[PDB]
Amino acid sequence: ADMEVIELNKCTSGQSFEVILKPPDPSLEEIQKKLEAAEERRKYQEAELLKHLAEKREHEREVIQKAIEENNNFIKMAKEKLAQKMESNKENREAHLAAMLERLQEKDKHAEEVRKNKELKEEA
Amino acid sequence: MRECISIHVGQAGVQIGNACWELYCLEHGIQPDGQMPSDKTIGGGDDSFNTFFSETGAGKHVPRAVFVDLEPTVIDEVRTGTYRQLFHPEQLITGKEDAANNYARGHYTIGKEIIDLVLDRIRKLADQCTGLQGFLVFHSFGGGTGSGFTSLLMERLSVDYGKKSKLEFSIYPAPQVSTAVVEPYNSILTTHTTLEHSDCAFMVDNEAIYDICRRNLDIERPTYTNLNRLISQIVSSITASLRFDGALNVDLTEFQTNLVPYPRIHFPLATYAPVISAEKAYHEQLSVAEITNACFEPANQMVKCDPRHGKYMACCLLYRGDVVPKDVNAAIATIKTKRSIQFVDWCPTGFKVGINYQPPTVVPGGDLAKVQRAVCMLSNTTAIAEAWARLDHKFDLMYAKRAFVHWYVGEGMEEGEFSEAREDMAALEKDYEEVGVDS
Amino acid sequence: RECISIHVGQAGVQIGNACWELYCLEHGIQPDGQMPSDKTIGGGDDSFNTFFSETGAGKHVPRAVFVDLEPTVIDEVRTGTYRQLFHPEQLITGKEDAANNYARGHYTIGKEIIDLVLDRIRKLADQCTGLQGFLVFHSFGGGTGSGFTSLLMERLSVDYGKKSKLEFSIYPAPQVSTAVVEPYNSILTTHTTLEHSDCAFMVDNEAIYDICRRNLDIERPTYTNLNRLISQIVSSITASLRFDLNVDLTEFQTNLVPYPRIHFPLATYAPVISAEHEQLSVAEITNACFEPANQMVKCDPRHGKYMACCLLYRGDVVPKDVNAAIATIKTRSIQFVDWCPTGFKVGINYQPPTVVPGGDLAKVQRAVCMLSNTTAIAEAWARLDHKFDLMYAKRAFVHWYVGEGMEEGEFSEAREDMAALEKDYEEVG
Amino acid sequence: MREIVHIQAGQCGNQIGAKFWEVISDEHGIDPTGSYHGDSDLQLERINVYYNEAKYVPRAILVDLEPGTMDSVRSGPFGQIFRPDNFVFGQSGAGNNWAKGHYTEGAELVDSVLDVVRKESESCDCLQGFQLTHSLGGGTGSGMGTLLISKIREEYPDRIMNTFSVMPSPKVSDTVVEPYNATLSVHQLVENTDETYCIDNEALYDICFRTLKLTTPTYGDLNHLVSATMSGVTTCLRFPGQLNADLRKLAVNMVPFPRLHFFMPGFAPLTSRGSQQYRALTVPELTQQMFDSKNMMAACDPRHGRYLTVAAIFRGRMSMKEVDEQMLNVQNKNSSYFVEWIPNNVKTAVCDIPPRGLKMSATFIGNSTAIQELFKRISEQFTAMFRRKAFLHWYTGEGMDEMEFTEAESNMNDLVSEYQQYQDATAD
Amino acid sequence: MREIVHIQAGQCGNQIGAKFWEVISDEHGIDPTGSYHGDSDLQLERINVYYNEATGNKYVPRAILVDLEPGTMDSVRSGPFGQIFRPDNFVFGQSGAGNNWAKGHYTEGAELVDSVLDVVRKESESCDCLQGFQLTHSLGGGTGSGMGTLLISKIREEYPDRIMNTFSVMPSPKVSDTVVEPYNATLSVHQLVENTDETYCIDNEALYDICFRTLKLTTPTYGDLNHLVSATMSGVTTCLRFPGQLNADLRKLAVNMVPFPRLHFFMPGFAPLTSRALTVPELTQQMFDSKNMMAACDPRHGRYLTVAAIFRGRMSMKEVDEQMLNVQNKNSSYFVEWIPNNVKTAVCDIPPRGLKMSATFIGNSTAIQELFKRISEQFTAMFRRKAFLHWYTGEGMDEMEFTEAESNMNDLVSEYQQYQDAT
Ligand SMILES: Nc1nc2c(ncn2[C@@H]2O[C@H](COP(=O)(O)OP(=O)(O)OP(=O)(O)O)[C@@H](O)[C@H]2O)c(=O)[nH]1
Ligand SMILES: Nc1nc2c(ncn2[C@@H]2O[C@H](COP(=O)(O)OP(=O)(O)OP(=O)(O)O)[C@@H](O)[C@H]2O)c(=O)[nH]1
Ligand SMILES: Nc1nc2c(ncn2[C@@H]2O[C@H](COP(=O)(O)OP(=O)(O)OP(=O)(O)O)[C@@H](O)[C@H]2O)c(=O)[nH]1
Ligand SMILES: Cc1ccc(C(=O)NCc2cccnc2)cc1NS(=O)(=O)c1ccc(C2CC2)cc1
Ligand SMILES: Cc1ccc(C(=O)NCc2cccnc2)cc1NS(=O)(=O)c1ccc(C2CC2)cc1
Ligand SMILES: Nc1nc2c(ncn2[C@@H]2O[C@H](COP(=O)(O)OP(=O)(O)O)[C@@H](O)[C@H]2O)c(=O)[nH]1
Ligand SMILES: [Mg+2]
Ligand SMILES: [Mg+2]
Ligand SMILES: [Mg+2]
Ligand SMILES: [Mg+2]
Ligand SMILES: [Mg+2]
Ligand SMILES: [Mg+2]
């Protein structure tokens, strides 16, 4: 049990020795560049999201717009179709009565020539 | 908010509006003088009954309704009836000459005389509503006013109110208790023009209602008010979730979304249970199941068509009285097992349910017995293509010989309108057939 | 030559409290801050003043700063019964934590907070006539102990490259851990502070848990029972500077750390006996440090060659007994590397080891702590590297880090560095 | 609303017209003085349709070329109830000359007729239309009557024109030219009226003689039949119910084609004025006898053709369910006699108040293709005379040309042809 | 101290959200007027997470109530805890959604989504450090599903760095409100993939099935269905509401439970299911059982990516830990190998009212693809025939949004299965 002990520091409440059994750059700007590069790509992520949310806002505007267009197109086509058939119905009904009363007038004129013919007969 | 304006057109629509508003008044306890001794909020307030009623400064509760007929005798009794003081006189609008069973006269020659006057009173009632839901249009199919004027009104409403919701409650033509031979003409023509303008049309016919009253009330021949007061229960059951605070509601938009699978397929038929005579009134009450099973029995359909002949596309079951959701869900559960009741393969859920706890009431002294529970089913089934085919065949028998067409041509109509209308009815028959085939 | 302690994250703070609690009773300092055995009031240059500075009123104030981004743990110290010892300045808290996310603790919020903690450090450093360096206590798996500590470590080197930096780190244990991303956080933080730490004592939470259950006969030990045993091992390590071997912080680097990267020595402690008799041999406790059952990090020292090792006794120990004790152990053939001499640096401290009164571990006449830089500690790295690889292969969870501005390439820049450290370990093994 | 202006022209028009005012005024409880004396209040709810309240005065206009008839209708009971301003007469009758009524002397006083028509229509809340009673065999009621009809349509084109026309028969008058006057009137009627009720004197003679077993019937006997059916035809016009007393409605439902608006009225029970009525006919007896050829007011057998449309009105206290059963029974026990291409072409009405003396009665109005028998017979007698152009100078002397006669008989021959076409028309 | 803003939307969302508030208020000893009446400071240590200190000595829930109709929100004001909610926090319209996702998300929802956000911003300014939001709503209706996702999207625009969690009731034919439920659910599943950090999948089919079969009730009440949800939500949120060894927040759980951004749909579980306190071995056994899953999916059809379990009541944690690794070791194959230690648990010795002991399961299982597969089959059945599609076209929507939402949901099903066969 041969062990080269070396009596090192020793004092009142401590001592120490070493027994031997056998012999045998720093850059802060580069730091903050990494921090800032991470912050900037975070902002790139936020911007690309906010752009994505803008297209969905715009899509909600387009959907609501065409809903207004459908309601407006429905109104005016109904308006014009009702006006077209009401006017076409008036001309039809007026033409029927105008024709019926022209034949009635023709009948009247025939009664006057019947009376005319009799009077010329009476001159005999 | 969420108000609804009821428009009653023609004799059928006006006398059905008489029965409904009388029943509404009894359900809400509104006296014949217009005063409601159960609404503390004088001259205002936004409780649930106010969807169908407005309030005056004096307390009178006035209906959000317009009664219009090209002829005054039927509306005159409203002006002289027990409920005369319910309406301001401007709400009851009459001409002096009816459409004489002629769609052309209702839609063109006679109807044009009062159409704007009608529309401007619609606008004034709509001016008194903070959030208009839509319109309920009551009319028959067969009369000149019920077909011609209603179609003209529906077209005008679309102009003035856009795509706002318009729902119809229509009486389907029935030979058995018919009144005019030209009913097939008027019905095909009015269906053709109000098709694009109506969001949904609840349908009954007086034959099936007549037979039901005969069979289940022991009446040798039911009178028109017998039919009407039974119809009033159907209508009140449809509007119950909008006039009463309810756990599960069905508003005007909910009817549309759930019952109309395609724009042209918007004709659900009504059904109602139970219908019990007052003399055998108080025996042991019927289940919640039994009245639900009754809605799918072919004998109880308010339109005489056979549901076993077609597939169900959508079923709206509206309960009132002593019924809670667990009872309904169980009753529906076993109906979902019934092999005889078939649904289209493109509607897996297929059901819509509203419930109201207030009990149903009937006019005192009537033939109908008051019950604890009641249900009205509005079924959109392909089986009513039979009803369209029956009407279209009668149309064909007379149009082939052009019988009675001279009455329509004389008032400005062209024969082209007749073939357009019928061709569209042939497309409707084919549409009902096409939506029924499997995927 | 004074020394500054830094506790980052919940593990660093709670452990730090447990360590300062023992320091006070070892030196007989009372909770109000008074020390009846300190006669040079308000000043002096005693041995225990390397870790405490003195008020004008005689209160003894630890040279420590407590950092956490969440305030629940610091609020304990803020309000605890050893609350008087620290000035409100010494305690720093944000109010949102790093969310078990290294990148959140390092890149995101750490940019917002490091100037504050660095300012508070200089105020303590300015209170140092001579200052050797820093002792930083942190977890490996936690977001704050991972991300912020690494950010603070590099800033501490550019600011005070003069000084030395020693680590007391908690190795994530599958039984006692809180996050599945802890392998991620560990690999990331060691890669970035490896170049900035001189020595790093790591603590495998499973080993202590196993130590307390077997040796204390405890059901499942609390964190406090873990933390108190840690305090015994930390105190013995730091005892050398508190009673002026290992009296300089560069003596830690020189005695136990032959090269820079290999600075992860294994710590062992004996004895550990329940408070629920007369003490055991000096050779008994010495023999126990070579049994793997007492190790702080679960690894097989027989599978590794020691490069250096250090034995600090505390209690009634005299040299002739250990020389005798270290003669008999040479009857386990413990191979050492051929460029380092087989042997043991030995330090003795005559005052018995103290204990928290009422604690589970009993008061003992003699205790020993062995600090060995074995290459066997590399297997602890290997287990961590494997679990990292399993999740990173499928790129699981990495979206949380990239979402904080961290490039995905940092994961493998850190991973390949870990591969080099494990390879370098067996190059000398 | 719905006021009706009544006009009666010629001898027959004023005779059955005065008898028709007699029947309904008693039904409405109005004495010859003209004041209400009725038991029930249902009698005056629709009294305004035919009567003007001044005391109620018939909205009637009495016309004739022969001035003696004015003093005859007044001299009859209920003579003073007619307004004196409403009487419009000429200097002397047309002598069975259709041209005199339509073109020459009739045209002289037609302006004075339209005066009081205008005067009576101006006092109308909402005028339904006009009914005209007249014969087609004479010259005034037939010639001037049809001229009056076309004059009125000129002033009121959208109003309903109905007529009660009495067709000539050799069994009651031997006047030779009446087939001429009827054909010329039918020529006018087919284009200028909305419905005419074809009251055949030939049928009126057969009923009194063969069924009523009457020795030598007097125009009073025949007119009792017409006044009974005329009241029965207008029951729902004069009495209220769920039914609207309307003219356009009936015409729209009963007239499938504009030219086929000639109706075959029927009545049950047929009875003499002084008969005892030992029992009241029950509903099956009324319904079966109503569709019988013996009860037709036109000399036509309904089973020689098919019904286009049929409207029936029952009178008295009866069960409406029984009416529906009997009415449906005869519909499909004789289903072949109803065209299949008009569904539900048979609809009936029932009123609680019965006619005077009869507790049970039924009135029939059918649009039948069998009415071509009536027009065939008139055309047969017309072409017999016109083949030899007999007595044509009486008409051409007044200014008419012969081709008006050709157009009248051709158009009447088209009418019978059109009835036969629909008689054999198939559903497909 | 790290507050949470709660938002309930629609018919279902307001009614299960109202029971959630009644249940946790009972746990925290807060009565209807809002004043404390419990017995322990533990009910108050983390009370600011869900409540605001009122002007007097009362607590007001940081809750916003949203609906396009005033019906059901008026009924919750009529409830026993109706008076506790802030009156200005009731945001309602009169138009309704008509059970239409389009009306909720586009036309009608736009007319109200600004006023709701004004309330969100108000309470956000009333927080020392807001951690995020939680939304209760269904996916089958119009308001909760349609307007709810629109609200979640506009919240993410204003507070992009905050956590968003939803409790989403998945529609089922066994308990249905409308026939277009396949449309509304599919359309908003699309949205929850993008705009929430985690979603708890409450399946009305599982709720009914559990409520019927293993609890023996002829037919279940709506309160019975909601009772399962409120107890489940209560257990999901105990660590946020009660102090312990960990200071649990929203983000940490999300960081630990969601390995990939899209797979953030969780299978909730509870034990025991009550209509005799339970032993710790039985809770951990039934908690992992398919019959205790509030989503109608069999866990044995998938592999757990990550799992969090919460135990409540007086018990020994070594019992809990041994049992939790027991079933982890017993069923080694139902957890993924490339996520080591993917099952972590927490214990809070305060049990829920009416139970001495209970446990709650939060699982990130790929077996949940069966849920989205069930909805997708009902969707195609209707969409193949384009049934009821005209009510969505009429509001300005196009067909391609339906197909985009459909294939996105199938994409989610595909990649769930991708990591199901991952080694
Ligand atoms: N259920 C029911 N049906 C009715 C009622 N009144 C009439 N009808 C039916 O309605 C159809 C006839 O239409 P009406 O309403 O009477 O006619 P109108 O609208 O007044 O039209 P015109 O009189 O021609 O101007 C037929 O099918 C009748 O059976 C009624 O009170 N109740
Ligand atoms: N020995 C011991 N280990 C602890 C203690 N507290 C936490 N840990 C360990 O620390 C690891 C997680 O790091 P923490 O310190 O808890 O978290 P942190 O540093 O506050 O970082 P954040 O994620 O921002 O909260 C886990 O593996 C725990 O095992 C403790 O008191 N004693
Ligand atoms: N049923 C019935 N037929 C009558 C009556 N009076 C006349 N007729 C018929 O009417 C036809 C003759 O026409 P009238 O009405 O008498 O002649 P008118 O209309 O007065 O015209 P004129 O005498 O030529 O100026 C004859 O065929 C008679 O059969 C009557 O009171 N009852
Ligand atoms: C049922 C009936 C019976 C009588 C009268 C009645 O007496 N009206 C008063 C009047 C007017 C004109 C002339 N005389 C009398 C009216 C009706 N109802 S109906 O709508 O007109 C109608 C509808 C359908 C048909 C079909 C069989 C074809 C017929 C009738
Ligand atoms: C263990 C645990 C269990 C429950 C809760 C808890 O209830 N939090 C409150 C809350 C937050 C959000 C939503 N709802 C509720 C928190 C934790 N601790 S943990 O670190 O976050 C964590 C770590 C690792 C995992 C698994 C991968 C293995 C899960 C959770
Ligand atoms: N569990 C539960 N589900 C509900 C409740 N109310 C409605 N639902 C479900 O929610 C969906 C309909 O949504 P709902 O909330 O009524 O529509 P909204 O008002 O437009 O949001 C359907 O899947 C219903 O089954 C409820 O109170 N509890
Ligand atoms: Mg009418
Ligand atoms: Mg009020
Ligand atoms: Mg609803
Ligand atoms: Mg922490
Ligand atoms: Mg000193
Ligand atoms: Mg004469």
Side-chain angles (χ1 to χ4, degrees), chain B residues 28 36 38-39 41-50 53-56 59 61, chain C residues 7-18 27 35 37-38 40-49 52-55 58 60 67-70 72-74 93-94 96-102 104-106 108-110 137-149 168-174 176-183 185-186 189 203-209 212 221-230, chain E residues 246-249 251-252 255-256 341 344:
Chain B
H28 297 279
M36 191 183 178
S38 94
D39 162 75
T41 88
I42 48 173
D46 271 8
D47 213 307
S48 151
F49 58 78
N50 284 297
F53 290 90
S54 149
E55 317 208 301
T56 42
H61 294 56
Chain C
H7 314 278
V8 174
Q10 183 161 357
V13 159
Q14 297 187 314
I15 274 147
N17 290 146
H27 311 314
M35 198 180 165
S37 98
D38 166 29
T40 90
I41 305 203
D45 57 278
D46 300 13
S47 75
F48 70 94
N49 282 62
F52 301 81
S53 80
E54 274 152 58
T55 54
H60 306 77
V67 182
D68 193 0
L69 324 171
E70 155 205 2
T72 309
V73 290
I74 304 271
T93 40
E96 45 199 22
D97 65 21
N100 286 165
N101 190 333
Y102 172 93
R104 195 174 185 83
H106 186 88
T108 319
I109 62 100
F137 297 72
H138 67 103
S139 74
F140 269 168
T144 301
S146 210
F148 181 68
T149 295
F168 288 84
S169 34
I170 292 291
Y171 184 87
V176 180
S177 37
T178 77
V180 304
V181 281
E182 292 196 42
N185 294 340
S186 323
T189 184
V203 192
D204 189 321
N205 254 13
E206 178 91 45
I208 315 106
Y209 189 98
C212 321
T222 73
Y223 265 131
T224 44
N225 232 346
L226 298 178
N227 281 4
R228 290 181 173 162
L229 178 44
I230 311 278
Chain E
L246 194 285
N247 175 17
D249 63 19
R251 191 186 315 279
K252 298 239 243 179
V255 161
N256 276 280
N341 326 291
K344 298 241 201 320

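Chain letters run A, B, ... following the sequence lines, proteins first, then strands; residues in each count from 1. Indexing begins at 1, ligand by ligand and atom by atom, following the structure's order. Only heavy atoms go into these numbers, but all of them, side chains included; no hydrogens, no water, no symmetry mates.
Contact of the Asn205(C) side chain with the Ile170(C) side chain is registered, since non-hydrogen atoms from C-beta on lie closer than 4.5 Å. At a threshold of 4.5 Å between non-hydrogen side-chain atoms, the residues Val255(E) and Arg104(C) do not count as touching. In this structure, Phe49(B) and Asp39(B) have side chains that are in contact, with non-hydrogen atoms separated by less than 4.5 Å. Under the 4.5 Å side-chain criterion, counting only non-hydrogen atoms from C-beta, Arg251(E) is not in contact with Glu96(C). A heavy-atom distance below 4.5 Å is not found between the side chains of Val203(C) and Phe140(C).
Between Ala98(C) and ligand 2, at least one N/O pair is under 3.5 Å apart. An N or O contact shorter than 3.5 Å links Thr144(C) to ligand 2 by distance. Any N or O atom pair closer than 3.5 Å counts here, and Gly142(C) shares at least one such pair with ligand 2.
The proximity of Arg104(C) to ligand 2, defined as any non-hydrogen pair under 4.0 Å, does not occur for either the backbone or the side chain. Neither the backbone nor the side chain of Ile230(C) comes within 4.0 Å of ligand 2, counting heavy atoms alone. Looking at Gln10(C) against ligand 2, both its backbone and its side chain come within 4.0 Å, counting heavy atoms. Only the side chain of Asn205(C) comes within 4.0 Å of ligand 2, judged by heavy-atom distances.
Using 4.0 Å as the threshold, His138(C) has no heavy atom nearer than that to any atom of ligand 2. Between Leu69(C) and ligand 2 there is no heavy-atom distance shorter than 4.0 Å.
Closest N/O/S atom of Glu55(B) to the Mg ion (ligand 8): OE1. Nearest N, O or S atom of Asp39(B) to the Mg ion (ligand 8): atom OD1.
Heavy-atom minimum distance, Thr144(C) versus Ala98(C): N-CB, 3.6 Å. For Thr178(C) against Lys344(E), the heavy-atom pair with the smallest separation is C-CE, 3.6 Å.
Summarising the contacts of atom 13 (O) of ligand 2 with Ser139(C), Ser169(C), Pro221(C), the nearest heavy atom is found in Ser139(C). Closest to atom 8 (N) of ligand 2 by heavy atom, among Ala11(C), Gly16(C), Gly143(C), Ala173(C), is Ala11(C).
Taken from OH in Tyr209(C) to CG in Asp204(C), the straight-line distance is 13.5 Å, to the nearest 0.5 Å. Atom CD of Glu54(C) is separated from atom CE of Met35(C) by 8.5 Å, given to the nearest 0.5 angstrom.
With ligand atoms numbered from 1 in the order given, ligand 2 contributes 29 (O) to contacts under 4.0 Å with heavy atoms of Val176(C). Atoms of ligand 2 lying under 4.0 Å from any heavy atom of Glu182(C), numbered from 1 in the order shown and given with element: 11 (C), 26 (C), 27 (O). Within ligand 2, counting atoms from 1 as listed, the ones closer than 4.0 Å to a heavy atom of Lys252(E) are 25 (O). Heavy-atom proximity to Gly145(C), at under 4.0 Å, picks out these atoms of ligand 2: 19 (O), 21 (O). Near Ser177(C), meaning under 4.0 Å from any of its heavy atoms, are these atoms of ligand 2: 27 (O), 29 (O). Below 4.0 Å from some heavy atom of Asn100(C) lie the following atoms of ligand 2, by number and element: 23 (O).
Here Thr93(C) pairs with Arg78(C) under the side-chain hydrogen bond (donor to acceptor under 3.5 Å, both in side chains) rule; sequence neighbours left out. Not counting sequence neighbours, the partners of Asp97(C) by the salt bridge (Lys or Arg N to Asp or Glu O under 4.0 Å) test are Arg2(E), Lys252(E).
For the pair O of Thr41(B) and O of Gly44(B), the angle whose vertex sits at the Mg ion (ligand 8) is 70° to 10 degrees.
Note: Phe137(C) and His7(C) have tilted aromatic rings, judged against thresholds of 30 and 60 degrees for the angle between ring planes.
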